[PDB]
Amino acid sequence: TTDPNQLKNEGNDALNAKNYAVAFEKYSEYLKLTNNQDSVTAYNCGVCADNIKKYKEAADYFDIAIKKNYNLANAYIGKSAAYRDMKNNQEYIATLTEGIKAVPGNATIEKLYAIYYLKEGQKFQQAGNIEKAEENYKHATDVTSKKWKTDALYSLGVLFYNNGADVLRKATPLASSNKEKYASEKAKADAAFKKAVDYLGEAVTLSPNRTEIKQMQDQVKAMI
């Protein structure tokens, strides 16, 4: 077929039958011949491309929808998913970051953004990298959702509570053998516990129904 309207109708027929490869073939040709102006078809073409594993092509079509301000939350999610499928985490989170800036307070984009950073923080916390765990959990607090902010703050509270306890653990044998180092370690533990009390306090304020957060803040206060 040569007629662009015929190509779009053929692509619609293919999509209706779940033949994503034909729909991609017909829509991509239609968009090429009509100067990429139909954002509804561009969005559908991006989904079809991702379904047949043409990930770079998918990202290109979702970009058309984004530039035409069409179905923005879905177009950013689609573009991010294409980069996730290409196993490109940096472009995955960069796209979600652009999406949260364009459509603030979109439930699905905020969930993906926050899950990414909570998982990164967890990964660094498990590998004992406190500074990088903190950086990642702090990014998960950038969401507008009070619920998602609460669990990023609760994760920061636990991170610093565990760090202060670990420092206190290593300082016990020093109390009667190296008082110089004992004072240094005690001050480090105190600083960690004070950060923990403050992050947990912030979480309790946003989610007073989360009684376990209040209980953990009480445990940290008992260490100061």
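Note that residue numbering follows the sequence shown and begins at 1.
Higher mean CA B-factor, judged across 106-114 and 87-95 from the recorded values: 106-114.
Averaged over CA atoms, B-factors in the entry run higher in 117-125 than in the other of 147-155 and 117-125. Per the deposited record, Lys179 carries the highest C-alpha B-factor of all listed residues (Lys186, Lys179, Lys194, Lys54). In the PDB entry, a CA B factor belonging to the middle third of its chain's modelled residues is recorded for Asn69. Annotation for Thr41: CA B-factor lies in the lowest third of the chain's modelled residues. Split the chain's modelled residues into thirds by C-alpha temperature factor. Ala82 is in the lowest one. In this PDB entry, the Cα temperature factor of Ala59 sits in the middle third of its chain's modelled residues.
Annotation for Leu31: C-alpha temperature factor in the middle third relative to the rest of the modelled chain, per the entry.
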